[PDB]
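Read off the chains here:
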Amino acid sequence: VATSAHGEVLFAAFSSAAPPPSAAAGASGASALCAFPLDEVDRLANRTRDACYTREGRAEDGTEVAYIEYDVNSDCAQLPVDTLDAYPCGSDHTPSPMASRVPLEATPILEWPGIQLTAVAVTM
Amino acid sequence: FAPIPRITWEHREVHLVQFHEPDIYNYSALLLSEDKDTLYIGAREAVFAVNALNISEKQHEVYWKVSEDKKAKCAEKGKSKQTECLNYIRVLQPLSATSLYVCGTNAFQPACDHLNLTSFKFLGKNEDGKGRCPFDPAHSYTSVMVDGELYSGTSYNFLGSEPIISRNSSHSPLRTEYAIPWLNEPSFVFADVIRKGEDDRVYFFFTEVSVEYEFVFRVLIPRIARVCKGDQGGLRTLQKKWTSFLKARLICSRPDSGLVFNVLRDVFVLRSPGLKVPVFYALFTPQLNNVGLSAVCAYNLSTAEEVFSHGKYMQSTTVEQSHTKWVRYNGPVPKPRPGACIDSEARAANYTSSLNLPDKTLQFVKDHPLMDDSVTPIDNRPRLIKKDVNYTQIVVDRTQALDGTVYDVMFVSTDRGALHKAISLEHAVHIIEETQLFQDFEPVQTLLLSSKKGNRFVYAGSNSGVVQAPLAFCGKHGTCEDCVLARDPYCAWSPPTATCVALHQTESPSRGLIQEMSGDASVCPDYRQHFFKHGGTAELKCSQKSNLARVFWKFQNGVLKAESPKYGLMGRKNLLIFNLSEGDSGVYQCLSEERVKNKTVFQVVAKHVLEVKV
Ligand SMILES: *[C@@H]1O[C@H](CO)[C@@H](O[C@@H]2O[C@H](CO)[C@@H](O[C@@H]3O[C@H](CO)[C@@H](O)[C@H](O)[C@@H]3O)[C@H](O)[C@H]2NC(C)=O)[C@H](O)[C@H]1NC(C)=O
Ligand SMILES: *[C@@H]1O[C@H](CO)[C@@H](O[C@@H]2O[C@H](CO)[C@@H](O[C@@H]3O[C@H](CO)[C@@H](O)[C@H](O)[C@@H]3O)[C@H](O)[C@H]2NC(C)=O)[C@H](O)[C@H]1NC(C)=O
Ligand SMILES: *[C@@H]1O[C@H](CO)[C@@H](O[C@@H]2O[C@H](CO)[C@@H](O[C@@H]3O[C@H](CO)[C@@H](O)[C@H](O)[C@@H]3O)[C@H](O)[C@H]2NC(C)=O)[C@H](O)[C@H]1NC(C)=O
Ligand SMILES: *[C@@H]1O[C@H](CO)[C@@H](O[C@@H]2O[C@H](CO)[C@@H](O)[C@H](O)[C@H]2NC(C)=O)[C@H](O)[C@H]1NC(C)=O
Ligand SMILES: *[C@@H]1O[C@H](CO)[C@@H](O[C@@H]2O[C@H](CO)[C@@H](O)[C@H](O)[C@H]2NC(C)=O)[C@H](O)[C@H]1NC(C)=O
Ligand SMILES: *[C@@H]1O[C@H](CO)[C@@H](O[C@@H]2O[C@H](CO)[C@@H](O)[C@H](O)[C@H]2NC(C)=O)[C@H](O)[C@H]1NC(C)=O
Ligand SMILES: *[C@@H]1O[C@H](CO)[C@@H](O)[C@H](O)[C@H]1NC(C)=O
C-alpha cells in the first residue's frame, strides 16, 4: 500500500503462469503492476454481501454475482433489508463463507515482458 | 415385494386411545417411565405426563412457551414468527428417578433444562443447548442419555452448516471434527449404547453424502458409527475430540432387482430375551426415483463389530492433482488399533485412557474415520421390501408362537398415519393387518414399543396428537378359521370361550388352544331372513375383512353370475336381484376364496333366506 502514511490503494505485482503455481521464467514470462483502490475492494465485497444476504446472490437486474464458497452447506438468502445495517459483520443466521462471481478488474500501469516480480514497496 | 396388508382396520373399528392438547402440536418426543405406567410426551412448547395404560388420562402438564421479544428476534432473522420461531422439544431423556433432561429449539436459541418430576415444573437451569439440540425444527437430531451424560447427533449451528456428534460430559467433553472425512452433510436418525475389560459403545446411525461413490448427482449413503463410552480424547492432537469414531456403509439392497435403499429413516434395537447379541432393525427408502418404496433390513451387531474391529480402513488420495478419491487402504495399520476402545490388550501395554494413546494411532483414526467394508444385513437381503408405501418409523417385538417358533414382529408406521404388522413367514413377508392410527392421515413422526407384561402397547406421535394401540386385535376375529387364517403369532382360538384370544395375555389353557401359522384352518371343528314384495329389488349385504380374498355368490347350490338384467353387484360384495318373482325365493350364499400356500380356502361369509311375497 502507498506509504509516507498508509494509503487507500493496493499495488499488486502479478506474473503470467508457466504450465506448484510457478510463474513462467525468463523472457517467456512477463510481469504487471496493478492498482486496486481499497474502496473499490470494499464496494464489491459489500455488494457481494448485500446480494448474498438479501437477494439470493443474484443482485438485480441480472444476476448470479455471489455464492457460498469451499463447498459449505450454506446458501445465499432472501433475508430482510434491515439485515445489512443490523448485521454488517454478519451473524449465526447470515450465509457464510461468501465469494464473488464478478471479479475485481484492474488494467496494468507497468507491463514488463521479461521480468518476474517478487517484491513491491510504494512511497509518495 | 411384500403383499398388501391382509386386513385393514378403520380408526372406527378398533379400540385406539388418543391424546392431544388443544392448540398444542408436533408431538415428536416420546418417553416412558421406569415403571412403564407413565408415558411422557414432548410437544411444541409443552411437556405432559399421561397414563400409559390410557393415554387420554392427562396426569401432569408443563409449558415452555416463547416470549414475544424472542419470537420477534427470530422473525427479524427472516424465520417464520408463527411456525419456526417456537419451542420444539427435541431432547426428552431420563435424568434420575425424580427428573428428566429437556431441550427445545426455542426460536433458534437451543435451550436445555431439568424437568422436576415431583412438581412437573422446570428448574430454570437454562443451559445453552448449542450442540445438544438443533436450532431449526427442520434439522435432523438424535440423542441417547448414557450414565447421565448426553450423547447427541445434530447441527452445531443456526444454518445447519456445521454437523456434530458430541458428548456434553462436563468432566470430559468430546466432539467430532468439522471435516468431510468425519461427517459429510449428515441427517441423524438414531443413537443408543450397546453395553458389554471390554468398554461399552455408543452407536450412531445417519445418512450423509458419500465420498467413496460418484454418480450424476451427489449420492447419499446410510452409516453405522460408534464411539467408546470411556473416550477422553487425545492429549497432543484430538484435544477434546473423539478418538474412537469409526463409521461404515449400511447396505440395504436386492441387486438381482437393481433395488438400492440408500436413505436411512429409523433404527430399532431388538434386545432379545433369548439371543445374547442385539439385532438392529433398520428402515430405509431409496434416494433415487422414490415413488415410494420402503425396505426393512435387519443387521446382526457381531457383523458391524467385525468391520470396526478387523476391517481394512479407507484412504483418501490426490488424483490429477485437484481431485480426491477414496480407496481401500492396504498399508500398515498402527498398534494399538486406531478407533478401538481401551480394552484388555491396551491395558497390558500400559494404556489406561485415550489420553495416553500414541500420536501415531490418534493421527491415523483422525485421517481414516471410514471403513472399506460395508455392514451387510442378516441373510444378505432385506426382511421386507414394499411398494406404494412410505414407511416412517419401526419397532420389533420378539414373540413366541403356540408352537414355540419365534417370530420377530415388525410394526411399521406410514406417512399417512397407518401401522402395518409384518412377519417374515417361510421365506415370504406376511403383513398380518394395517390400522389407521390417525383419522387425519398425519405422518407418524415417532414410534415407541412397550412389550412388558400387562402394558403391551405401541405409542405413535404425529403433529396432531399421540395414539395408543395394542399389539393385536385377536377379538376382532369371529370364527376359528378366521382366527387361524390371520397367521398372527399373538392370536390363538379358544374352543371353551368361543373367542379368538391373545396367546401370552389371556388366562386360557395353552394345551387346549388352536394356532397354525401354516394357515390350515383344518385344525378347527366346523341365516338372515328377508321378505320382499313381488317385482321389487333385493340387496343382500355381505362383507369380510381379507383384502386378499374375493367374494362370489351362490343361489340354489350353484355359482350365480352377477350380470344384467336379473343380477348386479353393488360394491363388488353386495348381491342385487332385480325383478323378484316366485322362482327367486330361497337360499342365497355369499362365499369367500383366499389362497394361503397352493390351496384355496373357501368360507361362507353370509347366509340369506329370501322370500318373495305375492
Ligand atoms: C462497506 O459497507 C460498510 C457497512 O457494512 C460501510 O461502512 C460504513 O461506512 C460508513 C461510511 O463512512 C461509516 O460512516 C462514517 O463513520 C465515520 C467513523 O467515525 C464517521 O466519522 C462518519 O461521519 C460516518 O458516520 C459507517 O460507520 C460504516 N459502518 C461500518 C459497520 O463499518 C463501508 O463504508 C462500505 N465501503 C464501501 C467502499 O462501500
Ligand atoms: C449373529 O452373529 C453371531 C456371530 O457369529 C451369530 O453367532 C454364532 O453363530 C454360530 C453359527 O452356528 C455359532 O456356531 C455354532 O453353533 C452350532 C449350533 O448349535 C453349535 O453346534 C456349534 O458348536 C457352534 O456353537 C456360534 O457359537 C454363535 N456365537 C454366538 C456368540 O452367538 C448369531 O447366531 C447371529 N444371529 C443372527 C440372528 O444371525
Ligand atoms: C407442527 O405441527 C403443525 C400442525 O399441522 C404443522 O403445521 C403445518 O405447516 C405447514 C407448513 O410447514 C402448512 O402448509 C402450508 O404450506 C404452504 C406452502 O407454501 C403455505 O403457503 C401455507 O401457508 C402453509 O404454510 C400446513 O397447512 C400447517 N398445518 C396447519 C393445520 O396449519 C407444522 O408444520 C409442524 N412443524 C414441524 C416442524 O413439523
Ligand atoms: C423437586 O420438586 C419437589 C416438589 O415440591 C421439591 O420439594 C420440596 O423440597 C423442599 C426442600 O427443598 C421441601 O421443604 C418441601 O416440603 C418439598 N415439597 C414437596 C411437595 O415435596 C424439590 O425440592 C424439588 N427439587 C429441586 C432440585 O428443586
Ligand atoms: C452439560 O454440560 C454442562 C457443562 O458443565 C454440565 O454442567 C455442570 O452440571 C453439574 C451437575 O451435573 C454441576 O454440578 C456443575 O456445576 C455444572 N457446571 C456447569 C459449567 O454448568 C451439565 O450437567 C451437562 N449436562 C448433561 C445432561 O450431561
Ligand atoms: C411417497 O413419498 C413420496 C415423497 O418422498 C411422494 O412423492 C411426492 O408426492 C407429492 C404428491 O403430489 C408430489 O407433489 C411430490 O412432488 C412428490 N415428490 C417426489 C420426490 O416424488 C409419493 O407420492 C408418496 N407415495 C406413496 C405411495 O406414499
Ligand atoms: C380411560 O379409558 C376409559 C375407557 O372407555 C374411558 O371411559 C375413560 O374416560 C378414560 N379416562 C380418561 C381420563 O379419559
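## Some details on a nonpolar patch on the surface
Residues and elements named next belong to chain A.
- Taken together, the side chains of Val1, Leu10, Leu38, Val41 and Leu104 present a nonpolar region at the surface, about 320 Å² in accessible area.
- Tracing the chain through its elements places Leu38 in helix α1 (residues 38-54).
- Classification of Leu38 by relative accessible area gives partly exposed; the value is 30%.

## Things to note about the site of ligand 5
All names here are of chain B.
- Neighbouring ligand 5 are the residues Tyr101, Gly148, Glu149, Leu150, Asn168 and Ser170.
- Here an oxygen atom of ligand 5 sits 3.2 Å away from a polar atom, N or O, in the side chain of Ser170.
- Against a free-state accessible area of 560 Å², the protein chains account for coverage of 41% of ligand 5.
- Here the residues of the shell around ligand 5 sort into two nonpolar, three polar and one charged.

## A short note on the pairing of strand β32 (residues 446-450) of chain B
Residue and element names in this part refer to chain B.
- Counting buried positions over the five residues of β32 gives four, a clear majority of the element.
- Bridge analysis of β32 against strand β33 (residues 457-461) gives five bridges, and the strand direction is antiparallel. In the sheet register, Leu449 faces β33, and the bridge partner there is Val458.
- Hairpin connection between β32 and β33: a loop of six residues separates the two successive antiparallel strands, and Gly454 in this loop has a positive phi of roughly 95 degrees.

## Concerning the UniProt feature "disulfide bond" in chain A
Residues and elements named next belong to chain A.
- Between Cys52 and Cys76, where UniProt places a disulfide, the sulfurs come within 2.1 Å of each other, which fits a bond. Pair noted here: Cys52 is in helix α1 and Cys76 is in the loop between β3 (66-68) and α2 (83-86), with a separation of 24 residues, a long-range link. Neither residue differs from the other here; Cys52 and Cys76 are each classed as buried.

So, how was this worked out
- Residues numbered from 1 in each chain as written, not as in the entry; some residues may be left out.
- Chains lettered and ligands numbered in written order.
- Part of a larger assembly, values for the part shown.
- Heavy atoms only, no water.
- Patch = residues over 30% accessible without salt bridge, like charges linked within 9 Å, V, L, I, M, F, W, Y side chains within 5 Å.
- Areas by Shrake-Rupley, 256 points an atom, 1.4 Å probe, with all protein chains shown as cover.
- Salt bridge = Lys/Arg side-chain N within 4 Å of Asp/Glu carboxyl O.
- Helix = DSSP H or I, 4+ residues; strand = E, 2+ residues; numbered from the N terminus.
- Buried < 20%, exposed > 50% of the residue type's maximum accessible area, 1.4 Å probe, protein only.
- Near = heavy atom within 4 Å.
- Polar contact = N/O pair within 3.5 Å; in protein donor to acceptor, adjacent residues only side chain to side chain.
- Nonpolar A, V, L, I, M, F, W, Y, C, P; charged D, E, K, R; others polar.
- Pairing = 2+ DSSP bridges.
- Disulfide = S-S within 2.5 Å.
- UniProt positions renumbered as here; feature names shortened; annotations may be inferred.

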